[PDB]
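Next up is one chain by itself, shown in structure tokens, the form deposited in one PDB entry.
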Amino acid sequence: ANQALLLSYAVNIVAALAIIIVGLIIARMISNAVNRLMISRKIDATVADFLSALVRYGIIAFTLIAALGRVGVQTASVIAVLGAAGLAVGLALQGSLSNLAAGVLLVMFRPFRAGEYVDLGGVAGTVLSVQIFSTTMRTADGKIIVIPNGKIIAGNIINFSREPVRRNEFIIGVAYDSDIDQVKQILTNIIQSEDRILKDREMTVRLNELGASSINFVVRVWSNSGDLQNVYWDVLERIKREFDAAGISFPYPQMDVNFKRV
């Protein structure tokens, strides 16, 4: 009998569907325009994508509110349900968002770059790449370590490769009866005859400690980062050979034994 009400309900459903379609199209267009505008301003691609996604989902939320109000759902109900859904999605994506922001910061400020040897909170290796959510490094023995970006930015970043010049330290323990001046001059000759040691830097050769069984000399010399390990090995071998040749003894653990027979 009352055919007007059924027609009104049908036209309301059709209007809601039309609103949904038009709103989705408008959201896509506006989000794409905003993304292109942000990219043209040299803003980072990840940040632009995040902001454009926010814009698109906001416009879609407006469209959903309008359509559901058309089919009789109140604005407060739609807002509450969308808020609950967004809270659930945000709880699911909180860690991913933290890692995403951290990766953006890592790429932007470059505390380390690919190819550099770093120590990221107890693990050390050569950086391979900083991905969207985590950074991959390869250790000296060939292991692959994947570290989330947020964990990296939250802690200390120790970069071994950033400075072109680094320092070697030698701790040489010789017998107490060794001549101090002879040890000093032999070590000084060894480090002066080495061309890869920078002569304009610190060249410390000092007696450092009176140990339990030996007197320890400290040698601190600087070299280019690509020569540090080779310099250490060569200087150590030369120290061994020249101390053996000069009679300077590397002492075994000492022990004064007071003999008492009962």
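Residues that one form lacks are left out of the comparison. Sequential numbering from 1, following the sequence displayed. For clarity, a rigid core is taken as the largest C-alpha set superposing within 1.5 Å between two forms.
The form deposited in another entry exists for this protein as well; it is not shown, and the discussion that follows is about that form.
Note: rigid core superposed between this form and the one not shown; among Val231, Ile215, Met203, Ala66, the CA shift is 2 Å or more only at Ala66. Core-superposed comparison between this form and the one not shown: CA of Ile248 displaced by less than 2 Å. In the core-superposed comparison between this form and the one not shown, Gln131 has its Cα shifted by less than 2 Å. Core-superposed comparison between this form and the one not shown: CA of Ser193 displaced by less than 2 Å. Listed alone, 1-94 marks the only place where three or more consecutive residues have CA shifts of 2 Å or more between this form and the one not shown on superposition of the core.
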